[PDB]
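**Student:** my sequence and its experimental structure, below.
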Amino acid sequence: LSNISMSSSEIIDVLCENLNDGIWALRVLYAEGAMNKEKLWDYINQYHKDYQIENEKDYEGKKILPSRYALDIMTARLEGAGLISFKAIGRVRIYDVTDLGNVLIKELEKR
Amino acid sequence: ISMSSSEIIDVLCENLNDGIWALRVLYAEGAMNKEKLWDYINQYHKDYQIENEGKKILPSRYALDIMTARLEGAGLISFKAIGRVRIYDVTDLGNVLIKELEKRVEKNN
């Protein structure tokens, strides 16, 4: 009766445009593999920090994730977009990139 | 790669959860600032519940920011910053999900 009114690439473009800083969680998970949310918090801060230092060797800025509140917001954006997902180990959450998240990492670099 | 519009939308639908309330509010009431959205989301959900209680779906600003974050990331709502104020509205993709959910309500009933 009615097709989905936006193409796969138009939808992917919207997800790419709102990814913003979440790209750091994707880079971490893509390079390091699945990880505990707590460790992902640390790695995202380290990846971002090192990337800033690559450009400004005397860089000394604030953590992109200074609080659990910030961590929860960043993962919330990625979970809502279906780019990362998690599995439970008791109260621990193990995160990894999803198929759409991978579909998106490619679509990113290329463009 | 190789994901159809349908496959992608399925993924967005599976992760929407309670965010549907914000899409419904924005669609019905039109664009509004974030503080009003918070009130309306609670008011909308409250009413739905009242006739189906007590607890606010968004009891704190934290809950409000987590819910809107999931929606913004999925590209379902969008906002314009004016100073520290933000005016939100539901997007084309947000309406695609509203329509997709109504299609499912239709099939599941």
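**Tutor:** Noted; the coordinates are in hand. Residues are numbered from 1 along each chain as shown, chains lettered A, B, ... in the order given.

**Student:** which residue ranges of chain A form helices?
**Tutor:** A:8-17, A:23-32, A:37-55, A:68-80, A:99-110 (DSSP state H).

**Student:** residue A:29 and chain B, how far apart?
**Tutor:** Distance, residue A:29 to chain B, by CB to the nearest CB, to the nearest Å: 15 Å. From N, CA and C alone the C-beta is placed, and that goes for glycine too.

**Student:** ok, stretch A:10-25 near chain B or not?
**Tutor:** Yes - Stretch A:10-25 is in contact with chain B by CB under 8 Å from any CB of the partner chain, via A:11, A:12, A:14, A:15, A:17, A:18, A:19, A:22.

**Student:** just name the closest of those residues to residue A:5, please.
**Tutor:** For the residues of stretch A:10-25 next to chain B, the minimum distance to residue A:5 (CB to CB) is 10.0 Å, reached by residue A:11.

**Student:** right, and the closest one touches residue B:9 too?
**Tutor:** Yes - between residue A:11 and residue B:9 there is a contact at 7.3 Å, judged by CB atoms under 8 Å.

**Student:** overlap in contacts, these two.
**Tutor:** Residues touching both residue A:11 and residue B:9 (CB atoms under 8 Å, 6 or more residues apart in numbering or on different chains) are residue B:96.

**Student:** looking only at neighbour counts, state which of these two leads.
**Tutor:** residue A:11 (24 against 21; other CB atoms under 10 Å in any protein chain shown).

**Student:** nearest residue to the more buried one in space, please, no chain neighbours.
**Tutor:** residue B:8 (5.1 Å; CB to CB, 6 or more residues apart in numbering or on different chains).
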